[PDB]
Structure formats: C-alpha cells, structure tokens
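In the authors' numbering, the protein residues as written are 1 to 25. Notes follow once the structure below has been shown.
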C-alpha cells in the first residue's frame with residue numbers, strides 16, 4: 001500500500017534536483 005500524501009511528488013522533484021545539482025556548496 002502506497003501512502004498517497006502527495007509529498008512523494010516533491011520527493012521525486014527534489015530527487016531530480018539532486019541529480020541536477022552536480023556542483024558542491
């Protein structure tokens with residue numbers, strides 16, 4: 001059972017941001 005919270009979309013977007021971020025801070 002998947003917990004449909006909606007936040008999973010943000011998770012995957014942030015995961016995408018993590019892939020886009022190929023530079024350090």
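We treat Cβ as the ideally placed atom computed from N, Cα and C, and that holds for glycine.
For residue i, three-class secondary structure by DSSP
{"i": "residue 17", "result": "helix"}
{"i": "residue 5", "result": "coil"}
{"i": "residue 23", "result": "coil"}
Cutoff 7 Å: residue i Cβ touching any chain B Cβ
{"i": "residue 15", "result": "The structure shown contains no chain B, having only a single protein chain."}
6 Å Cβ shell around residue i - same chain, five flanking residues per side excluded
{"i": "residue 10", "result": "none"}
Cβ neighbours of residue i in the same chain (closer than 7 Å, five flanking residues each side left out)
{"i": "residue 18", "result": "none"}
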